[PDB]
Number of protein chains: 4
Amino acid sequence: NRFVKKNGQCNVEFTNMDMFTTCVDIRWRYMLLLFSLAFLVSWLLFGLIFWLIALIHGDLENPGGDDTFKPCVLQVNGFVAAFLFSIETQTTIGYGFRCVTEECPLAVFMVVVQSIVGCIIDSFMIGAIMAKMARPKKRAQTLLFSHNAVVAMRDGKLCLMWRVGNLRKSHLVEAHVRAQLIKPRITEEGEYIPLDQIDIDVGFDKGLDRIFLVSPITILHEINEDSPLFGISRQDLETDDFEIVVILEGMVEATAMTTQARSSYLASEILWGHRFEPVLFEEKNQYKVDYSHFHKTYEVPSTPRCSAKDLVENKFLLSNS
Amino acid sequence: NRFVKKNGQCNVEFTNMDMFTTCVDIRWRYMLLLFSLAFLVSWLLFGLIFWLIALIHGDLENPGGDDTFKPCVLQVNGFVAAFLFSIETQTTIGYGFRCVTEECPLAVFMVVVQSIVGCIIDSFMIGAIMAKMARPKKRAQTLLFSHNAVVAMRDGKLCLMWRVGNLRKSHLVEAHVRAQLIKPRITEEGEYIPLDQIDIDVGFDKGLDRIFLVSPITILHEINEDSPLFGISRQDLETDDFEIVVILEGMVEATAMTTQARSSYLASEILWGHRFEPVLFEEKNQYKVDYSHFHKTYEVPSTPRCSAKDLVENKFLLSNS
Amino acid sequence: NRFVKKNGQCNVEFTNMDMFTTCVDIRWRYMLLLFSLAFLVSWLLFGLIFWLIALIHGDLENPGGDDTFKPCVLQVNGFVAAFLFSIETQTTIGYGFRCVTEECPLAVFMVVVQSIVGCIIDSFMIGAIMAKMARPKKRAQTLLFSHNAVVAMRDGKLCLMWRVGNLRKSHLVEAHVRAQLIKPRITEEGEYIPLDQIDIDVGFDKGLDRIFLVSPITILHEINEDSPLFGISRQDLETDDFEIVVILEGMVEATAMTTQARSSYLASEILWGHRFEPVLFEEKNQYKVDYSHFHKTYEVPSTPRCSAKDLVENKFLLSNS
Amino acid sequence: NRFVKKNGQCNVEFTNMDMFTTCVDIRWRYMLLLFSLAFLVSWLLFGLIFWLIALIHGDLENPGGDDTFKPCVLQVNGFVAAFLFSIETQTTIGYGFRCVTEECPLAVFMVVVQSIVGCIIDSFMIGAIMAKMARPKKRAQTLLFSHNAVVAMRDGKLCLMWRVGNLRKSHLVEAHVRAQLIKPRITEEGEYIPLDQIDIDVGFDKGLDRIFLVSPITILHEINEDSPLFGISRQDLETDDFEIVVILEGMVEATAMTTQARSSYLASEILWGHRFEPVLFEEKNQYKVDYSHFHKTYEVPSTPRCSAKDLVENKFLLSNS
Ligand SMILES: [K+]
Ligand SMILES: [K+]
Ligand SMILES: [K+]
Ligand SMILES: [K+]
Ligand SMILES: [K+]
């Protein structure tokens, strides 16, 4: 039946899976203690001002006032009371026992000031809990490479292969693969490149490196005249110092945040003359993917042990003679 | 007249269209009951603390106080009153009947604590109603494929074709098409690929797969020597087990979120020797698109019933002899 | 001197320039009247509830209460008072004259409910003023095409050219150009394509269509054997029904929102045998761009009046004989 | 050992490194004084209204009221008191001394109005402190070009080279390089291009311009028949007026904001017959990058002083004879 329903939906089911710009990430909870401190500082500061004012105006000795005398702020009898009024103003709780009066302009202006300050402050609190909210780090890896890469024969050509798959049913828009052989080398003129990155060809020029990934795919590198692996046999493989890097880029269907997935195979991690265990099965009305067979491989004794280079050379001696 | 006005505007009119990172999507309204619970828990907790304090300080028996005795918080006569003061503090309603006094530091500190807690809490409430606000799922599909794909003759070549169109007047920046024949196969060496994805060529190498989509377009795949459809005739079509996938990627003009539109044609869903009904008409000063003709097709009896492979083979026998 | 400073900075100066997902864009100010309505509805509803409660409990006739009788909410003497208490609760103004008491659980629960409701409501208000805040429409066009396109001779080849430029000093990351001849045509087999889009080659295959745009650039299309313009002379130009579309895509340096800039030239809008007036001048220590010369052009009488096709044909008759 | 751990992690360590849409960026702190003004204006306006009402209703002479007379708003004895009530309403502090009463509908409606206004206002305040919060300018440059570019011999070919490196351990998804020779020139037909941008080939056609950048890389431009540098020797280099631009695009792993890094080399800034000092060293279990050697270079006297053009020409005279 259908691999892709007419609406784009996929027919597969997955089984058996195991300046201050730095302030956005500024801290885990240290920002919370930071803001709690921000408040405390502002509350204590304005309380001291209100207490200074009540002290000077002489309210401390007549906090409630009377017919002849009106406090700047009612009911401030000390610094503790002062502290309270400041809080109630900024928090805008405003119980009202401590209350401003029309007497002192300085006091009124001070409330006016404290109100704006207070607003700005928690306004920023929402911004910091915005930044730190969505600006992640450590996004779960949705993509997977076979633990090993395989060298075997497919359709007459000798090929290095490895597997990639999505752990999520979510699609990868504009996905493409790359590979490089990495190793030190010395140029013809005797120049030293400590680690050289040599492209390994997955089909870029025809755009076959463009992939549609639903179920796990085996990526093919034909080893040929233009391959850095052209002169390598199965024995060389248990010798050589080279390492292969593999990449899969693309964009998460939901985010449109381009992703780059990486992994590596040492010469020692490449299994010659093997093949991957099929991960995809058809059961009646729909397709299943058994993810336990992902890394699993099996020997193909009929696989030639020599290098692709000698493989091709031999062909012509069986031609010429 | 003009297809594209000098300012970029398009001249067409459309007619007849029918960790906790998972918390962003955490729920529909279960988050609302979650937060309502968050509040309730904090309100009840602080009320119990205030009630514990009023109990110990002995306020329950003299809630209003007198000349010789001052409560930590005025007017707490029970747990219900206690509950109320907690609410009024956090909500910052602060009716003021239940009111803090300068007596108990513990109480003052508790208010101080409850104020910061309360702020943080709803600060987060705005973040959750941020995440859940714009982080969508199920974005309406703006793109469309003809229900069927057609095989006919164009400009001398035999071609598999299918239609794509935008349901919205909104443009697709950097849009491109891809296609693959999907089917099981067994390699020369006898290896089984359960479902193989073979590229179908829409013109990638010349970059003709890059498209400017205003009105609906017919996508052409020339069936030639290098096509997987090269050896297929009209009769094979009512036999074969293959399925074709089609893709259109690009980015919504507004969002710049790369989109990937999918659809499929079974061999059985491919109509041989047909053509699409034109969707675009010119009326005087501007262009119309009649979207009722989108999926509509018609027979072209002059269309050859054989495979493109034999089509080409025959040419040379009418050459040689 | 330098076009690009060693830090990447550019040395040019510019002169003489003239479900409810739809709710994000839901309205201009109709959303503001919407929310104002949202509040009003909630305020009136809860006030009616509080008034219902005060009515039943018999508070209307003893609003202040006394030694033997305690109202659910103090000082509710009517619906107007009721309305007020509801407001003061939700707004959390809480003057305190109308005040809740520990008597009626129903009332307490109602306050509890109204508090959460109120919070959720304006929480959403911040989300709507978030969506409608940054989710724009009508982004100012930063990119510009010469009003006309020119056909002239450059470096021995006959070429259709047109100009593009940035109105902003801001760079375009990964910018590239495309062009298409648009016109109706009838296929060899007699099929009608109402408007056909034919690629015009700006150098894609070598990736010369990739451009670095600081000062305005002239885009070149070599008219050759593979060009749809190959058979066109200056006289044909004052006849033909074809139109040319031009595109420039890329991403705004700041936004990384891919942009697609469009414009068109009718055959009648193409000026044959002309050239563009240079927009870029060097003055001593830095480069200026005079944007008044952008669309300006001048005749080049030495320009051949014939089609590039006959231009090439003639070459060989002056070869053969 | 490993360059890339099996999970994608990199094995290198770095050492020795030194309408109103314009309102988003509208100002540094001028927006803060703007909003503070926004509040003040609204507070003063509503206070004047409340004062107008209290004046007309005759409350000024009986602010507290009595058995026979009820003020619209209690305790407004002047404009200063009026100012206060307005503040306490909007801020929702609501001390309660100045308090609304059920008498004047006009007043009630006014409170109702002031409440919604107040909410909208600071709602917007959160949006402006949203825009101005994350919409940056001046993002730190994470990418680096060698101060100079080198011409030397590698693997038999004469090549212009320059270095690029990431200052951050953060990866660049889909990174690619470009280069252009920039200089004035006059066309065959005698047309003047003030500054011409000529592509310099870094391997685009094979997609070798696609790079995987962990440690700093040397970018190679083979100087050959198709190079604008083909006819240039070491002596020409101390003469010529040309400048070379270099670009590196790609997307920051975290942001997915495409970045374009630029830099330039004047003919005078190109060091002929040199090579770069290796920046990468292997110490036991892991790789180090010494960033002090980045710009450092050394002479290679064996480097030919002539132009690649004559280099190749000479080859055939040592062939022919
Ligand atoms: K209050
Ligand atoms: K309040
Ligand atoms: K109050
Ligand atoms: K190519
Ligand atoms: K409040």
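We number each residue from 1, going along the chain as drawn.
Keep in mind that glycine also has a Cβ here, set from the backbone N, Cα and C atoms.
Copied over from Swiss-Prot, here are the features:
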- D:26-52: transmembrane segment (TRANSMEM)
- D:53-78: topological domain 'Extracellular' (TOPO_DOM)
- D:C72-D:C104: disulfide bond (DISULFID)
- D:79-95: intramembrane segment (INTRAMEM)
- D:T92: K(+) 1 binding site (BINDING)
- D:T92, D:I93: K(+) 2 binding site (BINDING)
- D:92-97: motif 'Selectivity filter' (MOTIF)
- D:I93, D:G94: K(+) 3 binding site (BINDING)
- D:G94, D:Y95: K(+) 4 binding site (BINDING)
- D:96-104: topological domain 'Extracellular' (TOPO_DOM)
- D:105-132: transmembrane segment (TRANSMEM)
* To do: For D:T92 (K(+) 1 binding site) and D:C72 (disulfide bond), determine the Cα separation and express it in whole Å.
  => 18
* What is the number of other Cβ atoms found within 10 Å of the Cβ of D:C104 (disulfide bond)? -> 19
* If you count other Cβ atoms within 10 Å of each one's Cβ, which of the recorded positions D:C72, D:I93 has the most? -> D:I93
* To do: Would you mind reading off the Cα separation of D:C104 (disulfide bond) from D:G94 (K(+) 3 binding site), to the nearest angstrom?
  => 19
* To do: Tally the residues of the topological domain 'Extracellular' (D:96-104) by DSSP class, grouping H, G and I as helix, E and B as strand, and everything else as coil.
  => 0 helix, 2 strand, 7 coil
* **Close-lying recorded positions around ligand 5 among D:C72, D:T92, D:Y95, D:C104, where CB distance stays under 6 Å** => D:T92
* By DSSP, what is the split of the topological domain 'Extracellular' (D:53-78) into helix, strand and coil residues? -> 8 helix, 4 strand, 14 coil
* To do: Report the recorded positions (D:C72, D:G94, D:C104) that meet this criterion: Cβ distance to the nearest atom of ligand 3 under 6 Å. Use sequence order and write none if nothing qualifies.
  => D:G94
* **Tertiary neighbours of D:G94 (K(+) 3 binding site) (same chain, Cβ under 8 Å, six or more apart)** => D:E88
* To do: To the nearest whole angstrom, state the Cα distance for the pair D:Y95 (K(+) 4 binding site) and D:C72 (disulfide bond).
  => 17
* Asked: Counting only residues 6+ away from its ends, which parts of the chain sit with a Cβ under 8 Å from the topological domain 'Extracellular' (D:53-78)?
  -> 85, 97-104, 106-107, 110
* Structure fact -> binding-site residues considered: D:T92, D:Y95; fewest surrounding Cβ atoms within 10 Å belongs to D:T92
* Asked: So which of these recorded positions, D:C72, D:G94, D:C104, get their C-beta under 8 angstroms from chain B?
  -> D:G94
* Of D:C72, D:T92, D:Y95, D:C104, which recorded positions come close to ligand 2, meaning Cβ under 6 Å from one of its atoms? -> D:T92
* Structure fact -> Checking the recorded positions D:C72, D:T92, D:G94, D:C104 against ligand 1, those whose Cβ falls under 6 Å of one of its atoms come out as D:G94
* Looking only at C-alpha atoms, tell me how far D:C72 (disulfide bond) is from D:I93 (K(+) 2 binding site), rounded to the nearest Å. => 19
* Structure fact -> Across 9 unbuilt residues, the C-alpha atoms of D:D18 and D:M19 lie a whole number of Å apart, namely 41
* Near chain A: which of the recorded positions D:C72, D:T92, D:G94, D:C104 have their Cβ closer than 8 Å to one of its Cβ atoms? -> D:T92, D:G94
